[PDB]
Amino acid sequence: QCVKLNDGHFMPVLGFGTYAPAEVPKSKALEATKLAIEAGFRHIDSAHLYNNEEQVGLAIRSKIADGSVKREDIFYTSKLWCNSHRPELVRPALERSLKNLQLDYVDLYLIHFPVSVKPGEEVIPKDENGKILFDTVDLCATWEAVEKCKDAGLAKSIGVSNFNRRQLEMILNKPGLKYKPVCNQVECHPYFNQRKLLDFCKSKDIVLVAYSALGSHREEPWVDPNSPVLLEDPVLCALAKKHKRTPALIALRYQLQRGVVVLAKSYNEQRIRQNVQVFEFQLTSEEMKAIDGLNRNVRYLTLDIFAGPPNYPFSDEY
């Protein structure tokens, strides 16, 4: 099942997440990505940050060479990291992802986070006291370089991630904009359902792509270990039993029925094969409303290490 983007291109509504916590060997990304394609995932997500571009690329190209899928059947996303916001650094960053993937183009390229950091190899550059070295870049300038990647054919569609309403409006209202973002990829699940943001994106022809839809990796110290665990939620568990399925499949189906494109990461073969079954059942309107009731302002990935700078996206209401 696919959604038509404001760019004419299509995006599978179920996506395979590929981030894993630093402690997971990079070899794991390889087999898990192969498993996902085999189970039926067609839309995979990755970015320079994840240090996995090479493995995911190996996996996808294996699946294309064995004949399982054609390149046009795969929807592959990449993301421009905070250290390459500067306009003249955007194309090299994308081209570097491409060389690592061994692919000639990505289906989707996102500005990964609206706060910039010092250019260089280090993804989170720090001074000699451990203090983060932030950068000052006009996101409108970043966006115009992202646009030229689309003009060059290196990215089929382009979009954003972790932008708030203010920041979406700054891109939309930029003098001479060529292409609106096709999507805003943000944290979304039953505990933090982003109704306001989802409505706003919808009003502007932007898809909301929900990350950490299963309650997140819970990796420390990015996510407070004292936060409630989404998948232990009693109502998701009751809904799972009633439909002969699990709580993860309930959270995934919820997003598909409210107009959201949803990601799901797993490196476990059983969970991978299970997650594609979201298309096999549905929730009634009263069940959707029960899930809506779960919303409790629990943002798992606060990324508050990046608070301070003017573009920190999460101090605003949405």
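Each form is matched to the other, and the largest set of C-alpha atoms that superpose within 1.5 Å is called the rigid core. Counting begins at 1, following the sequence as shown.
Two stretches, 129-137 and 176-184, are weighed by how far their CA atoms sit from the shown form in 6 other deposited structures of this protein after rigid core superposition; the farther one is 129-137.
For the pair 253-261 and 22-30, rigid core superposition yields a higher RMS C-alpha distance in 6 other deposited structures of this protein in 22-30. When the C-alpha B-factors of 59-67 and 253-261 are averaged, 59-67 comes out higher. As recorded in the PDB entry, 27-35 is the stretch of 27-35 and 43-51 with the greater mean C-alpha temperature factor.
Residue set 229, 214, 106, 145: peak C-alpha B-factor at 145 (per PDB entry). When the C-alpha B factors of 160, 188, 171, 197 are read from the deposited coordinates, the top value falls at 171. Remark: residue 112 belongs to the lowest third of its chain, ranked by C-alpha B-factor as recorded. Ranked within its chain, residue 167 lands in the highest third, by CA B factor from the PDB record. The entry lists a Cα temperature factor for residue 192 that places it in the lowest third of the chain's modelled residues. Looking at the C-alpha B-factors along this chain, the one for residue 77 belongs to the lowest third. Residue 272 sits in the highest third of its chain by CA B factor, as recorded in the PDB entry.
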